[PDB]
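Chains as they are written, first to last, in the deposited numbering: chain A, 506 to 577; chain B, 578 to 774; chain C, 218 to 505; chain D, 218 to 289; chain E, 218 to 289; chain F, 362 to 433; chain G, 218 to 289. C-beta atoms are modelled at their ideal positions from N, C-alpha and C, and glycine is treated no differently. This report concerns only the one structure given below.
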Amino acid sequence: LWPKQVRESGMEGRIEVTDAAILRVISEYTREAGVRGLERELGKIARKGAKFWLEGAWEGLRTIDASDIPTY
Amino acid sequence: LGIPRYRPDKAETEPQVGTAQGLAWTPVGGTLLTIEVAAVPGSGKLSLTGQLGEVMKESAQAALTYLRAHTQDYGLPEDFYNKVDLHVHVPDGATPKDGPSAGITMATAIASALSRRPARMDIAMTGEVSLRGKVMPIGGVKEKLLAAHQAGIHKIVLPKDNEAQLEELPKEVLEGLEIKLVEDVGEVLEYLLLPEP
Amino acid sequence: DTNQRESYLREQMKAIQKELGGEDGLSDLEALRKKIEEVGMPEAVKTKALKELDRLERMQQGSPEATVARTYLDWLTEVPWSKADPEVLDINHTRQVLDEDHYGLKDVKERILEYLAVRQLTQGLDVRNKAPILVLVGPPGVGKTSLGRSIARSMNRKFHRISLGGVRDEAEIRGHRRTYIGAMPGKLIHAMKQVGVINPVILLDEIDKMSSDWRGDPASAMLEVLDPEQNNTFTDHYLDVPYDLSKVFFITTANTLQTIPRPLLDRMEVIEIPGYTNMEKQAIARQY
Amino acid sequence: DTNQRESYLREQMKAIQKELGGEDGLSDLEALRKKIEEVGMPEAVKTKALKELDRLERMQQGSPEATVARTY
Amino acid sequence: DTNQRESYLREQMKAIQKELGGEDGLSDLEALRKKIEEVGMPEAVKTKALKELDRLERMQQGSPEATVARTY
Amino acid sequence: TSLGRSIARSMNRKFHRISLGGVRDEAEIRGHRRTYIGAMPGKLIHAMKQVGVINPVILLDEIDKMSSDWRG
Amino acid sequence: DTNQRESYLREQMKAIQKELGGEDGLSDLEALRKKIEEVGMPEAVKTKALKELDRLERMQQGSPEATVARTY
Ligand SMILES: Nc1ncnc2c1ncn2[C@@H]1O[C@H](COP(=O)(O)OP(=O)(O)OP(O)(O)=S)[C@@H](O)[C@H]1O
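See below:
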């Protein structure tokens, strides 16, 4: 899904992702008994990644963390 | 302009006994569904009045279950529920937002009857009641907020459990507001009536 | 011999057409047949344009085709095919434009900047087209034309507005049965005609107040235009060659989060705009 | 005299209109036909394809007689 | 015979509306060329007056486009 | 009636209460469709003829129960 | 002789719709008619069938006199 949704929203995949957050994503951010809202939350990953990497870049090659899940 | 088509301010609109400020989000505009319920000795049969549907009646009984858990808060005897037949009008008796977002407002109308004492106006409420008498987080928080402040209402009632959505609110909006946050149905219903019993 | 033959044919049908109709249907036949060429045309539109001229040249003084086909030719020419303004893909230009547009709920603006931060990235033709429609939900009267037009001037396209308050048929999302006069396209086509490009921006307002209880279902017909590979293939009953409509930015004001259809409750991001605060509106009026 | 001249000139403009309508409309029903025989259709299927080929040869620029047959 | 006697009968209706028929679109015919100059000097009404000047010139009882140009 | 007469003569203009409520089409309002037979003047243009200037005062009478035969 | 008389006039007018006039749906109603006159029905059936054959032979555009009659 992260290769899928990150490749489908214009981005090459220049920024990356961990999994200690994605367990917190599926536990705290989509309480559906399916996977579609996980795809939506990964959409918003792509969105906020494109913004905070495009409105001014604190780093050029980053990776999203479980410590900044609320931040993202 | 002409004659003022409304009041100068919704800060004072004569706080009545049984007026419950309905913070729904209607299609065209955001309204105050100021619904009413009046208390009377009766038979216990909850009167399904004012175009009630399926979830509204059980929301009313959800209110009275919590009230039956908490009779002392609202001036209520132990066996009052078997001798009250409460009537209600719902403008848009079919739900506009298709949800009981005015569920605690329906509860407020019931208890504002059952106190026979003023539920204060001008401070508008929204949220869903629970069988355990708790305020469940409400989808679409800011719509209810600024529906109220669109009607100039300063003080808005919203779930405690949506303190999470509180920080995401814009920092030019709450400065004219104050959002007292409630997690159960008791403290919301206790604040919006000054004489709760 | 052959080019003089075809030249004589064209000039003689033009001449005897002008001599017997109402100056070619109130100058309008030759007006549209030279307004075909000043607009850039796709080739199917040239073929259809000749057909519209044919349904008009069979009678420019007799059957309603003298008027409906004339208006059909007007629709083809008035809607500028193969015509696109040099838009500007930009972000902080838009940030300062939504600064000069007044205060705003301002939550919306980061959803906007969010969307357009995706719209700078490179997969595909311009950017790869997997996005919600970013539906505005709320009342009337809040700045669903203000920030809409502010975004329009921020990215430099043709703003317009098309309310959809209760369209009963596909026949006002398409045309009516364009064999009789009175058949007219939808107001969507009226707007797309009225803007001078192929590829403007838009507000879509009042979709939750739609009503559909007949054979032609406009909800399907507005699936036929909201979906991106479809408006470039969408065609009226009035028109016969699909318009190049697919490169569009598109916001949408609904007013109910519920009564909007579930096959259009996909592909959407709930932009909750309620009313403003007192102070917001006071300064809105007070300095704009 | 007025009605006969109106009708005769109406006659030539209709006739050379049919000329021009046949001249500008081409290579679409042939697109239908080369789409017929590119598809491995059975005999009943092919003779109904011929049935809606014969449902063509009508007025087609905005007329319901054969345009729905063309889309068909 | 019913159809063509109807056609020739309304043709004599047109002819008696034309020779001995003074009350027709020919009644206002003199007022037209009398008042083309009282149309305004702005281009909006002057252009439409001059384009109806020639479109009107046909017969005002039987010709179709001449009646709309006549009334307009 | 006398109301609007006093309006236009108070504004030194020509009042013309015109029949627009109960017109079968856009035919006494927007005029009947052109290039062929079946047309009558618009009552707005009746009043615009009936005033002599670029600046009148024109009634639109009884617009409450409007209906029209044009699809529009 | 009378029934065959009305029938001879029937296939004559069905033929008239058969060369031209939308080719009668490539003799669409004729199949219903020949199936009426082939399969041996009761006579109340045959009378309402013949009067619906008379009720046929009309416009074919979502109308009650031809399409639901074809179903019928
Ligand atoms: N928040 C605002 N700040 C500044 N100007 C505004 C704002 N809202 C509206 N305007 C201006 O007022 C115009 C329309 O005002 P509105 O009352 O918002 O009407 P409207 O927005 O078109 O109704 P909706 O909400 O779009 S259905 C806009 O085009 C702006 O010029």
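- Within chain D, no residue has its CB atom less than 9 Å from the CB of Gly238(G), the nearest being about 11 Å off.
- At least one CB atom of chain E sits nearer than 8 Å to the CB of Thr219(D).
- As summarised for the stretch 379 to 413 of chain F, the continuous alpha helix (DSSP H) elements at least 4 residues long and confined to that stretch are 404 to 411, given in chain order.
- With 16 or more neighbouring CB atoms inside 10 Å of its own CB, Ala684(B) falls in the buried class.
- Runs of the alpha helix (DSSP H) lying entirely within the stretch 218 to 256 of chain E and spanning at least 4 residues, in chain order: 219 to 233 and 246 to 252.
- Among the residues of the stretch 277 to 292 of chain C, those with a Cβ less than 9 Å away from any Cβ of chain E are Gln277, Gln278, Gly279 and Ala283, in the order of the chain.
- Residue contact check for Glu254(D) against chain E: no CB pair falls below 8 Å.
- Judged by DSSP in its simplified three-state form, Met372(C) adopts helix.
- Residue contact with chain B for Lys323(C): present (Cβ-Cβ distance below 8 Å to some residue of chain B).
- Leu735(B) is bridged by DSSP to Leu758(B).
- Neighbours of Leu735(B) in chain C, taken as residues whose beta carbon is under 9 Å from its own, are absent, since the nearest beta carbon is some 13 Å off.
- Separation of the CB atoms of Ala551(A) and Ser514(A) is rounded to 4 Å, and the pair is thereby assigned contact status at 8 Å.
- The Cβ neighbour count for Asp761(B), taken over all protein chains shown within 10 Å, is at least 16; the residue is labelled buried.
- For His726(B), the three-state secondary structure derived from DSSP is helix.
- Between ligand 1 and the CB of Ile424(C), the shortest heavy atom gap is not smaller than 7 Å.
- Inclusion of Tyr505(C) in the 7 Å shell around ligand 1 follows from its C-beta lying nearer than that to a non-hydrogen atom of the ligand.
- Residues of the same chain with a CB within less than 7 Å of the CB of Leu351(C), apart from the 5 flanking positions on each side, are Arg328, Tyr332, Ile468, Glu486 and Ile488 in chain order.
- Checking the 7 Å criterion, the Cβ of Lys464(C) is out of range of every heavy atom belonging to ligand 1.
- Judged by beta-carbon spacing, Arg697(B) lies beyond the 8 Å limit of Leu754(B), meaning their Cβ atoms are not closer than that value.
- Here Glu521(A) is bridged, per DSSP, to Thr568(A).
- Distances from the CA of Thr603(B) to each of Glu295(C), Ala471(C) and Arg479(C) were compared; the closest alpha carbon is that of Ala471(C).
- Proximity of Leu246(D) to chain C, defined by a Cβ-Cβ separation below 8 Å, is not satisfied.
- Under the Cβ criterion (8 Å, minimum of three pairs), the stretch 602 to 620 of chain B counts as touching the stretch 721 to 736 of chain B.
- Bounds of any beta strand (DSSP E) do not take in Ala301(C), whose DSSP letter is neither H nor E.
- With respect to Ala400(F), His393(F) sits close: the two C-beta atoms are nearer than 8 Å.
- Counting only runs of 4 or more residues that sit fully inside the stretch 267 to 299 of chain C, the alpha helix (DSSP H) segments are 282 to 295, in chain order.
- Selection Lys464(C), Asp425(C) and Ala502(C) evaluated against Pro480(C) yields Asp425(C) as nearest (Cα-Cα).
- Taking 8 Å as the CB threshold, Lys231(E) stays off the interface with chain C.
- Partner residues in the beta bridge of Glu489(C), as assigned by DSSP, are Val354(C).
- Contact check between the stretch 402 to 420 of chain F and the stretch 366 to 377 of chain F: three or more CB pairs, one atom from each, fall below 8 Å, which counts as touching.
- The contact set of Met496(C) on chain B, defined by CB atoms closer than 7 Å, consists of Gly753 in chain order.
- Close to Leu226(D), with beta-carbon spacing below 7 Å, are these residues of chain C in chain order: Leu237.
- Bounds of the beta strand (DSSP E) holding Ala615(B) are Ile612 to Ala615.
- Residues of chain C whose Cβ lies closer than 9 Å to the Cβ of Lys251(E) do not exist; the shortest such Cβ separation is about 22 Å.
- DSSP places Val665(B) in no alpha helix (DSSP H) but in the uninterrupted beta strand (DSSP E) bounded by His664 to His666.
- Listed along chain E, no residue sits closer than 9 Å to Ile379(F) by beta-carbon distance, the nearest being about 16 Å off.
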